[PDB]
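What follows is a single structure, written as structure tokens, with notes after it.
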Amino acid sequence: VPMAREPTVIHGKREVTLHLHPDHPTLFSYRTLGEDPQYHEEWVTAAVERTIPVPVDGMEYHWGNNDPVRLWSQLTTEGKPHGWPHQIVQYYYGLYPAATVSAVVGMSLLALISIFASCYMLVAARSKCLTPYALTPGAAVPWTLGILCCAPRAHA
Amino acid sequence: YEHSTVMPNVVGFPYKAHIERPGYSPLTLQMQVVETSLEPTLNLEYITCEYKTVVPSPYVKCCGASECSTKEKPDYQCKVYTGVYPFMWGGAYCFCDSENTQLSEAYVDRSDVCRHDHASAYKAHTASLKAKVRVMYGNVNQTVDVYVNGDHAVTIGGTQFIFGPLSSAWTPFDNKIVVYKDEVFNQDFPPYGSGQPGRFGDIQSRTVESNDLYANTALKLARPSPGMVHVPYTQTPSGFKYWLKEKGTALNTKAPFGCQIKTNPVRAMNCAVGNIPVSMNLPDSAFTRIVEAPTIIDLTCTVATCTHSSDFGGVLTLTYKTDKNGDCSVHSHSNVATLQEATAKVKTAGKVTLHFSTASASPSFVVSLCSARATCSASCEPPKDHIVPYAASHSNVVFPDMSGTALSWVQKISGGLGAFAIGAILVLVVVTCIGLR
Amino acid sequence: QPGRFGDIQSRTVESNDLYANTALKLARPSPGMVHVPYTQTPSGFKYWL
Amino acid sequence: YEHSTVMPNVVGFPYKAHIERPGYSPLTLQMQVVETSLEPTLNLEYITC
Amino acid sequence: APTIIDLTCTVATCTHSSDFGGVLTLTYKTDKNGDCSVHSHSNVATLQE
Ligand SMILES: *[C@@H]1O[C@H](CO)[C@@H](O[C@@H]2O[C@H](CO)[C@@H](O[C@@H]3O[C@H](CO)[C@@H](O)[C@H](O)[C@@H]3O)[C@H](O)[C@H]2NC(C)=O)[C@H](O)[C@H]1NC(C)=O
Ligand SMILES: *[C@@H]1O[C@H](CO)[C@@H](O[C@@H]2O[C@H](CO)[C@@H](O)[C@H](O)[C@H]2NC(C)=O)[C@H](O)[C@H]1NC(C)=O
């Protein structure tokens, strides 16, 4: 039984493009090595190029009668993982997308709630200290509190 | 000494089990599974083969009523036809004109190749995992066969290993299985006696030698064409050939977790699932006394390079101060890093280089060498190669430890933001307490 | 690159210099046989045709 | 492994290109231009003697 | 390839002439003898070796 010629392999980010050149029809069966197989079996009869995904768990492609070949995918990603929050965010986005976006969204939301709550507490303090002085007939508003808190500009 | 670890059930991963008996030099037992087999139990409900539609030569009787009794043979169809006038080469078969009767017989049996070519159906339950584990420690390096379940014990160089049941009871084979020569499929085959014609199971029998046989292949044999002797039979073609042509995608190319199914002792090999818990009872003769092992003092660890590749892409160096030249265990207490080397050589010069594989941007682990601990915080940069042909040599843990550059920024931002927030709470409390009186 | 257009390369028709990456991975002979097995990406020029 | 640098076009300059594939010891690849020829295309409109 | 740790650089002499007029001494702690690449990441200086 013949052995089909080994395909040229072009590496990509979490995918690999094969360039299959049968001389007579052959099977090409690829499966990922994870929880969900993501299998696909196909006869090839003319020279084609096929992109097959290679998740971090691993992929195995079986071309013709050669032994199956297993390729795995390294944690390649774009962005420097140690400089400025922008590059770390990019690093994680490349590695595990759609989860770090959740992470940054959650962190940013918590930061916003913290900022807003703190600022509201500050303005509440402003009120609780200045409203005793706006309901008096005589707008004293001693310049200590006048500077320390933005003073209402009482109008004699 | 009774000790208990869990090793990943991934073929080829070197698992470094660290054994720390106080009063003895720590021993690193490196074990890796060279191959694992998961054989399900079988039941052999029935088999299905190419069938032979045997029809005998008809009895076209010369003007006498003949009627055949239905004998218990598989899918027997026996029928009598009136008014046949067979004609053979020389001439008419029987002189008497219209009263000739044809008796046509038809039955189906297993093919003459049924013993060789047959897809056999089973039901599968449980699964007995049977592995080969290569153990290595001191000067002992041996591969042993272990039934991975809490029963089988294997003695290797005086140490006794029990490899416990898998953490996950997952099996690749569903309840109902069919097996052809090399490949296996999982499909709800019809029970015995309920095979529809044409589809898989049109011809069924218990064993490859059993004489019972059940078949509904629809032998609605018909009336002979006038003036010629033959037995016309129509019948749906063999269901085995149909099942051959539209099997579906076999389990050999569907199996999750990337295990290969072999056939004869039907089994699923190298399935990367779960953890094997191992309990080891080791004798005192396999350990090394403290008094005859180097004593390491003031061990401080710095990482030379850190590339979290699948291969052993990080290198760190240990600076120490020993007292005698000798070799001793080295092991990383956290699965954030896995060290390639198990026994390290210690010279009087305080420098030993080790290679470690990681997956975290900031792997922080405490490396232990010859009974002393040091901490190693690194900072890895990602690899640029995308596809490599070897499996991962690191447990896939990614969460960087605190004081890593990444989460240290989060710590600083959170600390400052929260500090201003608690300052806000402080000022609110101050103003409200001042106002309260 | 092998297989695609440009498997063979040559500056002129009559030039001597030549560049080829046709992936000639000659393999081990089968036992009991004289031959020279080679697995090679077919000519990229016919693919281009 | 694809790397992309720029080197000044001055004859004699030893340019030290630093190539760093993580997981391998960086290699410094040194190149220098020994002579560069800028050959214009021509048309030969006429000749005079 | 040798693995270098705790590398501190001190410049011995600095004379920015056209030739290689600066000499710097590199202190380090290696683990085995061997050759390895050296390169200055900025074009402010170019190393002869
Ligand atoms: C030799 O040839 C003669 C001539 O045919 C055969 O005689 C046939 O004998 C059978 C015996 O039953 C007759 O069949 C009967 O016919 C009646 C009337 O049609 C029908 O009601 C009965 O149910 C039965 O079928 C047949 O008529 C008769 N042939 C003729 C032409 O009368 C004889 O049997 C042959 N002998 C041998 C040894 O071949
Ligand atoms: C333990 O013994 C086995 C017995 O051979 C060693 O395994 C082989 O090592 C040779 C050495 O080059 C390799 O060529 C083989 O491929 C190995 N066989 C297998 C099945 O892997 C093993 O190396 C020994 N342990 C150590 C640490 O060397």
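Scheme for the structure tokens: letters A, B, ... for chains in order shown; per-chain residue numbers from 1; ligand numbers from 1 in order shown.
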**Report entry** Distance query segment 25-41 of chain D at most 12 Å, only C-alpha atoms, self and fewer than 6 positions along chain excluded, as a VMD selection string
**Finding:** (chain B and resid 304 to 307 313 to 315) or (chain D and resid 3 5 to 19) or (chain E and resid 1 to 4 34 to 41 46 to 49)
Can I get the selection written as a compact mmCIF listing (two decimals), in the first residue's frame, with N, CA, C and O atoms?
```txt
# COMPACT_ATOMS: atom_id res chain seq x y z
N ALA B 304 18.17 32.49 35.46
CA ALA B 304 18.96 33.05 34.38
C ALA B 304 18.07 33.49 33.24
O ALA B 304 18.07 34.66 32.85
N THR B 305 17.31 32.56 32.68
CA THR B 305 16.38 32.86 31.60
C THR B 305 15.07 32.13 31.84
O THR B 305 15.04 31.10 32.51
N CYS B 306 14.00 32.67 31.28
CA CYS B 306 12.66 32.21 31.61
C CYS B 306 11.83 32.36 30.34
O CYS B 306 11.42 33.47 30.01
N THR B 307 11.66 31.28 29.60
CA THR B 307 10.83 31.28 28.40
C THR B 307 9.84 30.15 28.56
O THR B 307 10.23 28.98 28.50
N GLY B 313 12.22 25.29 28.93
CA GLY B 313 12.65 26.57 28.42
C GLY B 313 13.08 27.57 29.45
O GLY B 313 13.32 28.73 29.08
N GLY B 314 13.18 27.20 30.70
CA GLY B 314 13.69 28.09 31.74
C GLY B 314 14.93 27.48 32.34
O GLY B 314 15.03 26.27 32.47
N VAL B 315 15.87 28.33 32.71
CA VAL B 315 17.10 27.90 33.35
C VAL B 315 17.34 28.79 34.54
O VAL B 315 17.33 30.02 34.41
N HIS D 3 13.04 37.27 11.06
CA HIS D 3 13.50 38.48 11.72
C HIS D 3 13.69 39.56 10.68
O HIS D 3 13.98 39.27 9.53
N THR D 5 15.46 43.43 10.22
CA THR D 5 16.28 44.52 10.73
C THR D 5 16.52 45.51 9.61
O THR D 5 16.11 45.30 8.47
N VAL D 6 17.20 46.59 9.95
CA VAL D 6 17.65 47.59 8.99
C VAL D 6 19.12 47.85 9.26
O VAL D 6 19.52 47.96 10.42
N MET D 7 19.91 47.96 8.20
CA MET D 7 21.33 48.19 8.30
C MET D 7 21.70 49.40 7.46
O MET D 7 21.17 49.56 6.36
N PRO D 8 22.55 50.30 7.95
CA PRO D 8 22.90 51.44 7.11
C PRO D 8 23.66 50.97 5.89
O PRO D 8 24.41 50.00 5.95
N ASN D 9 23.44 51.67 4.79
CA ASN D 9 24.06 51.33 3.52
C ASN D 9 25.40 52.04 3.40
O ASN D 9 25.59 52.92 2.56
N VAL D 10 26.31 51.75 4.31
CA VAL D 10 27.65 52.31 4.23
C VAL D 10 28.65 51.17 4.20
O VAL D 10 28.61 50.27 5.04
N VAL D 11 29.55 51.22 3.23
CA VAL D 11 30.49 50.14 3.02
C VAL D 11 31.45 50.07 4.19
O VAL D 11 32.04 51.09 4.58
N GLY D 12 31.61 48.89 4.75
CA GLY D 12 32.56 48.65 5.80
C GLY D 12 31.98 48.56 7.18
O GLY D 12 32.60 47.96 8.06
N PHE D 13 30.82 49.12 7.41
CA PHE D 13 30.21 49.12 8.72
C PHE D 13 29.93 47.68 9.15
O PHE D 13 29.14 47.01 8.48
N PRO D 14 30.54 47.17 10.21
CA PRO D 14 30.07 45.89 10.71
C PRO D 14 28.74 46.08 11.40
O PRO D 14 28.72 46.71 12.45
N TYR D 15 27.65 45.58 10.83
CA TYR D 15 26.36 45.66 11.48
C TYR D 15 26.11 44.38 12.24
O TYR D 15 26.13 43.30 11.65
N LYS D 16 25.83 44.50 13.53
CA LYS D 16 25.60 43.37 14.41
C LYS D 16 24.10 43.23 14.63
O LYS D 16 23.51 43.94 15.45
N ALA D 17 23.47 42.31 13.90
CA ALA D 17 22.05 42.04 14.03
C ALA D 17 21.82 41.01 15.13
O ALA D 17 22.35 39.91 15.06
N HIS D 18 21.02 41.37 16.11
CA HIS D 18 20.76 40.52 17.27
C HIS D 18 19.48 39.75 17.06
O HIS D 18 18.42 40.36 16.88
N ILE D 19 19.56 38.43 17.09
CA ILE D 19 18.43 37.56 16.83
C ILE D 19 18.18 36.80 18.11
O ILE D 19 19.10 36.14 18.62
N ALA E 1 24.62 26.12 25.99
CA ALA E 1 25.30 27.40 25.96
C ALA E 1 25.42 27.95 27.37
O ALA E 1 24.54 27.70 28.20
N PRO E 2 26.47 28.71 27.67
CA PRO E 2 26.71 29.13 29.05
C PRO E 2 25.59 30.00 29.56
O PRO E 2 24.98 30.75 28.80
N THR E 3 25.32 29.90 30.85
CA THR E 3 24.23 30.63 31.47
C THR E 3 24.81 31.66 32.41
O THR E 3 25.48 31.31 33.38
N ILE E 4 24.54 32.92 32.13
CA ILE E 4 25.17 34.07 32.76
C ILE E 4 24.18 34.70 33.72
O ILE E 4 23.00 34.84 33.41
N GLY E 34 32.35 28.85 27.51
CA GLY E 34 31.83 28.75 26.16
C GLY E 34 31.72 30.12 25.54
O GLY E 34 31.99 31.14 26.17
N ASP E 35 31.35 30.13 24.27
CA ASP E 35 31.24 31.36 23.51
C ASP E 35 29.79 31.77 23.46
O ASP E 35 28.91 30.92 23.38
N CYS E 36 29.53 33.07 23.54
CA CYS E 36 28.17 33.50 23.30
C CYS E 36 28.09 34.95 22.87
O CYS E 36 29.03 35.73 23.05
N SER E 37 26.96 35.28 22.28
CA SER E 37 26.79 36.53 21.58
C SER E 37 26.73 37.69 22.54
O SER E 37 26.23 37.58 23.65
N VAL E 38 27.25 38.82 22.08
CA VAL E 38 27.21 40.07 22.81
C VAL E 38 26.76 41.16 21.86
O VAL E 38 27.24 41.23 20.73
N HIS E 39 25.82 41.99 22.29
CA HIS E 39 25.32 43.03 21.41
C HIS E 39 24.72 44.16 22.21
O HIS E 39 24.09 43.92 23.24
N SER E 40 24.89 45.38 21.72
CA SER E 40 24.38 46.57 22.38
C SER E 40 23.06 46.96 21.76
O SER E 40 23.00 47.24 20.56
N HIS E 41 22.02 47.00 22.56
CA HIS E 41 20.69 47.18 22.02
C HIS E 41 20.44 48.55 21.44
O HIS E 41 19.44 48.73 20.74
N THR E 46 28.46 50.71 19.21
CA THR E 46 28.56 49.51 18.41
C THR E 46 29.77 48.73 18.87
O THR E 46 30.85 49.30 18.99
N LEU E 47 29.59 47.44 19.11
CA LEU E 47 30.66 46.63 19.66
C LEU E 47 31.44 45.98 18.55
O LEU E 47 30.87 45.47 17.59
N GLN E 48 32.76 45.99 18.68
CA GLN E 48 33.58 45.41 17.63
C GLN E 48 33.37 43.92 17.56
O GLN E 48 33.34 43.34 16.47
N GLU E 49 33.25 43.28 18.71
CA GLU E 49 33.19 41.83 18.80
C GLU E 49 31.75 41.35 18.84
O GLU E 49 30.92 41.91 19.55
```
Requested in this report: Would you kindly report the residues of chain A within 12 Å of chain C, using only C-alpha atoms, as a PyMOL selection string?
Outcome: chain A and resi 2-10+18-23+46-49
Those residues with N, CA and C atoms, as an mmCIF file, in the first residue's frame please?
```
data_model
loop_
_atom_site.group_PDB
_atom_site.id
_atom_site.type_symbol
_atom_site.label_atom_id
_atom_site.label_comp_id
_atom_site.auth_asym_id
_atom_site.auth_seq_id
_atom_site.Cartn_x
_atom_site.Cartn_y
_atom_site.Cartn_z
ATOM 1 N N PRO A 2 0.661 2.226 -0.847
ATOM 2 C CA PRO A 2 1.561 3.373 -0.908
ATOM 3 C C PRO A 2 1.479 4.211 0.341
ATOM 4 N N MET A 3 2.395 5.157 0.425
ATOM 5 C CA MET A 3 2.409 6.158 1.473
ATOM 6 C C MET A 3 2.319 7.500 0.782
ATOM 7 N N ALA A 4 1.316 8.281 1.126
ATOM 8 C CA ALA A 4 1.172 9.554 0.462
ATOM 9 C C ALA A 4 2.276 10.473 0.924
ATOM 10 N N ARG A 5 2.690 11.355 0.036
ATOM 11 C CA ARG A 5 3.799 12.228 0.359
ATOM 12 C C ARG A 5 3.448 13.168 1.492
ATOM 13 N N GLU A 6 4.417 13.411 2.334
ATOM 14 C CA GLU A 6 4.174 14.189 3.531
ATOM 15 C C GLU A 6 3.860 15.634 3.169
ATOM 16 N N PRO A 7 2.800 16.214 3.705
ATOM 17 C CA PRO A 7 2.430 17.571 3.324
ATOM 18 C C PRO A 7 3.370 18.621 3.859
ATOM 19 N N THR A 8 3.513 19.702 3.104
ATOM 20 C CA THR A 8 4.144 20.889 3.656
ATOM 21 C C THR A 8 3.227 21.508 4.694
ATOM 22 N N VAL A 9 3.828 21.952 5.787
ATOM 23 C CA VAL A 9 3.138 22.497 6.942
ATOM 24 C C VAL A 9 3.562 23.942 7.106
ATOM 25 N N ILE A 10 2.599 24.846 7.232
ATOM 26 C CA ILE A 10 2.861 26.248 7.515
ATOM 27 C C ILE A 10 2.232 26.544 8.860
ATOM 28 N N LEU A 18 -1.957 23.144 6.046
ATOM 29 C CA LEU A 18 -1.344 22.032 5.362
ATOM 30 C C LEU A 18 -1.574 22.189 3.881
ATOM 31 N N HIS A 19 -0.702 21.583 3.088
ATOM 32 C CA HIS A 19 -0.747 21.761 1.644
ATOM 33 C C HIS A 19 -0.596 20.362 1.063
ATOM 34 N N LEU A 20 -1.746 19.755 0.809
ATOM 35 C CA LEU A 20 -1.915 18.338 0.551
ATOM 36 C C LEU A 20 -1.912 18.065 -0.946
ATOM 37 N N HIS A 21 -1.064 17.133 -1.370
ATOM 38 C CA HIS A 21 -0.788 16.831 -2.775
ATOM 39 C C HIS A 21 -0.926 15.340 -3.055
ATOM 40 N N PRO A 22 -2.136 14.819 -3.095
ATOM 41 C CA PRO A 22 -2.280 13.411 -3.437
ATOM 42 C C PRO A 22 -1.928 13.173 -4.888
ATOM 43 N N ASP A 23 -1.596 11.924 -5.194
ATOM 44 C CA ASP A 23 -1.548 11.445 -6.565
ATOM 45 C C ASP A 23 -2.721 10.559 -6.911
ATOM 46 N N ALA A 46 -7.720 16.151 -5.213
ATOM 47 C CA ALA A 46 -6.961 17.143 -5.941
ATOM 48 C C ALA A 46 -6.164 17.944 -4.940
ATOM 49 N N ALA A 47 -5.070 18.518 -5.403
ATOM 50 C CA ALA A 47 -4.189 19.260 -4.522
ATOM 51 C C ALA A 47 -4.941 20.397 -3.870
ATOM 52 N N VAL A 48 -4.987 20.405 -2.542
ATOM 53 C CA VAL A 48 -5.690 21.442 -1.806
ATOM 54 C C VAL A 48 -4.787 21.982 -0.721
ATOM 55 N N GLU A 49 -5.245 23.057 -0.108
ATOM 56 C CA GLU A 49 -4.668 23.592 1.107
ATOM 57 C C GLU A 49 -5.768 23.652 2.146
#
```
Requested in this report: Residues within 9 Å of ligand 2, counting only C-alpha atoms and all ligand atoms: report them as a PyMOL selection string.
Outcome: chain B and resi 34+134-136+140-143
If you take only C-alpha atoms and a cut-off of 7 Å, which residues of chain D touch chain B, and what are their nearest atom pairs and distances in Å to one decimal, in chain and number order, as JSON lines?
```
{"residue": "D:21", "atom": "CA", "partner": "B:384", "partner_atom": "CA", "distance": 6.6}
{"residue": "D:22", "atom": "CA", "partner": "B:383", "partner_atom": "CA", "distance": 5.4}
{"residue": "D:23", "atom": "CA", "partner": "B:313", "partner_atom": "CA", "distance": 5.2}
```
Requested in this report: Step by step, measure atom-to-atom distances between ligand 1 and each residue using only C-alpha atoms and all ligand atoms, keep those at most 12 Å, then write them as number ranges by chain.
Outcome: B: 61-66, 82-83, 93-101
Report task. Report as a PyMOL selection string the set of chain A residues whose atoms approach chain B to within 9 Å, with distances computed over only C-alpha atoms. Result -> chain A and resi 11-16+29-41+54+56-60+69-85+88+91+111+114-115+117-122+124-126+128-129
Please write the residues from the selection above to a file, keeping C-alpha atoms, as a PDB file, in the first residue's frame.
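Result saved to out00.pdb:
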```pdb
ATOM      1  CA  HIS A  11       2.583  27.270  11.142  1.00  0.00           C
ATOM      2  CA  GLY A  12       0.142  29.917  12.307  1.00  0.00           C
ATOM      3  CA  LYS A  13      -1.343  31.237  15.521  1.00  0.00           C
ATOM      4  CA  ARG A  14      -3.350  28.322  16.907  1.00  0.00           C
ATOM      5  CA  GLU A  15      -3.934  26.997  13.417  1.00  0.00           C
ATOM      6  CA  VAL A  16      -1.804  25.138  10.928  1.00  0.00           C
ATOM      7  CA  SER A  29      -8.685  12.810   9.096  1.00  0.00           C
ATOM      8  CA  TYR A  30      -7.911  15.379  11.766  1.00  0.00           C
ATOM      9  CA  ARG A  31      -9.019  15.471  15.378  1.00  0.00           C
ATOM     10  CA  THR A  32      -8.234  17.670  18.332  1.00  0.00           C
ATOM     11  CA  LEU A  33      -7.009  16.058  21.519  1.00  0.00           C
ATOM     12  CA  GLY A  34      -9.432  17.601  24.008  1.00  0.00           C
ATOM     13  CA  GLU A  35     -12.856  17.353  25.610  1.00  0.00           C
ATOM     14  CA  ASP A  36     -14.681  18.080  22.354  1.00  0.00           C
ATOM     15  CA  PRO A  37     -13.010  16.123  19.520  1.00  0.00           C
ATOM     16  CA  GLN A  38     -13.709  18.657  16.743  1.00  0.00           C
ATOM     17  CA  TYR A  39     -13.083  15.870  14.250  1.00  0.00           C
ATOM     18  CA  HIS A  40     -13.227  15.942  10.483  1.00  0.00           C
ATOM     19  CA  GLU A  41     -12.614  13.202   7.926  1.00  0.00           C
ATOM     20  CA  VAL A  54      -4.526  23.239  16.821  1.00  0.00           C
ATOM     21  CA  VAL A  56      -3.400  24.086  23.236  1.00  0.00           C
ATOM     22  CA  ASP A  57      -4.574  20.589  24.068  1.00  0.00           C
ATOM     23  CA  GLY A  58      -3.285  19.316  20.722  1.00  0.00           C
ATOM     24  CA  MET A  59      -4.215  18.121  17.236  1.00  0.00           C
ATOM     25  CA  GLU A  60      -3.556  14.942  15.307  1.00  0.00           C
ATOM     26  CA  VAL A  69       1.281  13.080  13.390  1.00  0.00           C
ATOM     27  CA  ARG A  70       0.529  15.066  16.524  1.00  0.00           C
ATOM     28  CA  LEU A  71       1.164  18.796  16.720  1.00  0.00           C
ATOM     29  CA  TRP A  72       0.626  20.962  19.800  1.00  0.00           C
ATOM     30  CA  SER A  73       0.414  24.741  20.112  1.00  0.00           C
ATOM     31  CA  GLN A  74       2.611  26.791  22.400  1.00  0.00           C
ATOM     32  CA  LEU A  75       1.378  29.754  24.387  1.00  0.00           C
ATOM     33  CA  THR A  76       2.384  32.205  21.685  1.00  0.00           C
ATOM     34  CA  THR A  77       0.942  35.666  21.927  1.00  0.00           C
ATOM     35  CA  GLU A  78       1.408  39.286  21.013  1.00  0.00           C
ATOM     36  CA  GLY A  79       2.461  41.898  23.519  1.00  0.00           C
ATOM     37  CA  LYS A  80       5.109  42.231  26.153  1.00  0.00           C
ATOM     38  CA  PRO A  81       4.012  40.477  29.360  1.00  0.00           C
ATOM     39  CA  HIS A  82       5.987  42.730  31.738  1.00  0.00           C
ATOM     40  CA  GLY A  83       5.694  46.392  30.689  1.00  0.00           C
ATOM     41  CA  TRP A  84       2.856  48.885  31.214  1.00  0.00           C
ATOM     42  CA  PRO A  85      -0.749  47.649  31.777  1.00  0.00           C
ATOM     43  CA  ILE A  88       0.021  42.880  29.824  1.00  0.00           C
ATOM     44  CA  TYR A  91      -0.575  39.388  26.412  1.00  0.00           C
ATOM     45  CA  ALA A 111     -12.637  50.430  39.990  1.00  0.00           C
ATOM     46  CA  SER A 114     -14.958  52.291  44.042  1.00  0.00           C
ATOM     47  CA  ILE A 115     -14.264  55.701  42.511  1.00  0.00           C
ATOM     48  CA  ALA A 117     -18.678  55.464  45.816  1.00  0.00           C
ATOM     49  CA  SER A 118     -15.709  57.298  47.259  1.00  0.00           C
ATOM     50  CA  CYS A 119     -16.548  60.489  45.409  1.00  0.00           C
ATOM     51  CA  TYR A 120     -20.152  60.243  46.525  1.00  0.00           C
ATOM     52  CA  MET A 121     -18.976  59.842  50.078  1.00  0.00           C
ATOM     53  CA  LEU A 122     -16.839  62.935  49.617  1.00  0.00           C
ATOM     54  CA  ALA A 124     -21.925  63.708  51.013  1.00  0.00           C
ATOM     55  CA  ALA A 125     -19.374  64.898  53.530  1.00  0.00           C
ATOM     56  CA  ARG A 126     -19.352  68.256  51.793  1.00  0.00           C
ATOM     57  CA  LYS A 128     -23.153  67.181  55.870  1.00  0.00           C
ATOM     58  CA  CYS A 129     -20.602  69.855  56.816  1.00  0.00           C
TER      59      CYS A 129
END
```
Query - chain E contacts on chain B, only C-alpha atoms, 12 Å, as number ranges by chain - result: B: 301-306, 314-319, 349-355
I need the chosen residues saved as an mmCIF file, in the first residue's frame, with N, CA and C atoms.
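Result file result26.cif:
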```cif
data_model
loop_
_atom_site.group_PDB
_atom_site.id
_atom_site.type_symbol
_atom_site.label_atom_id
_atom_site.label_comp_id
_atom_site.auth_asym_id
_atom_site.auth_seq_id
_atom_site.Cartn_x
_atom_site.Cartn_y
_atom_site.Cartn_z
ATOM 1 N N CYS B 301 18.560 31.423 45.177
ATOM 2 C CA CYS B 301 18.226 31.021 43.820
ATOM 3 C C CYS B 301 17.893 32.224 42.959
ATOM 4 N N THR B 302 18.529 32.322 41.796
ATOM 5 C CA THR B 302 18.215 33.351 40.816
ATOM 6 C C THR B 302 18.041 32.705 39.455
ATOM 7 N N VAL B 303 17.120 33.241 38.660
ATOM 8 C CA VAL B 303 16.724 32.632 37.394
ATOM 9 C C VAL B 303 17.477 33.293 36.255
ATOM 10 N N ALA B 304 18.169 32.491 35.461
ATOM 11 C CA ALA B 304 18.955 33.053 34.378
ATOM 12 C C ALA B 304 18.065 33.493 33.237
ATOM 13 N N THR B 305 17.307 32.559 32.678
ATOM 14 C CA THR B 305 16.376 32.863 31.601
ATOM 15 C C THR B 305 15.075 32.133 31.843
ATOM 16 N N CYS B 306 14.003 32.670 31.283
ATOM 17 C CA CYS B 306 12.660 32.210 31.608
ATOM 18 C C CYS B 306 11.834 32.363 30.338
ATOM 19 N N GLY B 314 13.183 27.201 30.703
ATOM 20 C CA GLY B 314 13.686 28.090 31.736
ATOM 21 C C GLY B 314 14.931 27.485 32.344
ATOM 22 N N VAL B 315 15.875 28.334 32.713
ATOM 23 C CA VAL B 315 17.102 27.900 33.349
ATOM 24 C C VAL B 315 17.340 28.788 34.542
ATOM 25 N N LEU B 316 17.576 28.160 35.690
ATOM 26 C CA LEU B 316 17.905 28.851 36.920
ATOM 27 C C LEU B 316 19.153 28.229 37.506
ATOM 28 N N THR B 317 19.867 29.018 38.293
ATOM 29 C CA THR B 317 21.090 28.568 38.921
ATOM 30 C C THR B 317 20.959 28.736 40.415
ATOM 31 N N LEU B 318 21.475 27.757 41.135
ATOM 32 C CA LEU B 318 21.428 27.716 42.578
ATOM 33 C C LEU B 318 22.829 27.948 43.106
ATOM 34 N N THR B 319 22.959 28.944 43.970
ATOM 35 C CA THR B 319 24.190 29.245 44.677
ATOM 36 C C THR B 319 24.050 28.789 46.115
ATOM 37 N N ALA B 349 32.196 24.074 44.573
ATOM 38 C CA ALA B 349 31.898 25.390 44.043
ATOM 39 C C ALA B 349 30.402 25.606 44.088
ATOM 40 N N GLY B 350 29.983 26.700 44.684
ATOM 41 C CA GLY B 350 28.576 26.871 44.960
ATOM 42 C C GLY B 350 27.760 27.252 43.746
ATOM 43 N N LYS B 351 27.635 26.350 42.778
ATOM 44 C CA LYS B 351 26.869 26.654 41.576
ATOM 45 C C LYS B 351 26.364 25.364 40.966
ATOM 46 N N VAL B 352 25.045 25.217 40.869
ATOM 47 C CA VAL B 352 24.434 24.134 40.106
ATOM 48 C C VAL B 352 23.332 24.707 39.234
ATOM 49 N N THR B 353 23.284 24.288 37.972
ATOM 50 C CA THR B 353 22.324 24.805 37.005
ATOM 51 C C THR B 353 21.233 23.784 36.767
ATOM 52 N N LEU B 354 19.982 24.221 36.837
ATOM 53 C CA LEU B 354 18.847 23.360 36.573
ATOM 54 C C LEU B 354 17.946 23.996 35.532
ATOM 55 N N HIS B 355 17.237 23.141 34.814
ATOM 56 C CA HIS B 355 16.273 23.538 33.808
ATOM 57 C C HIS B 355 14.872 23.247 34.303
#
```
Query raised in the report: If you run DSSP on this backbone, which residues of segment 139-271 of chain B come out as helix (DSSP H, G or I), and could you give them as a ChimeraX atom specification?
Result: /B:239-245,251-253,256-258
Query raised in the report: Tell me, which residues of segment 10-107 of chain A carry DSSP strand (DSSP E), written as a count of residues only?
Result: 37
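The two atoms in question, atom CA of residue 232 of chain B and atom CA of residue 51 of chain B, are spaced 17.7 Å apart.
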Requested in this report: For segment 188-198 of chain B, please output as a ChimeraX atom specification all residues within 6 Å (counting only C-alpha atoms; exclusion window: fewer than 5 positions along the same chain).
Outcome: /B:176,216-217,236,239
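Straight-line separation from atom CA of residue 4 of chain B to atom CA of residue 291 of chain B: 26.1 Å.
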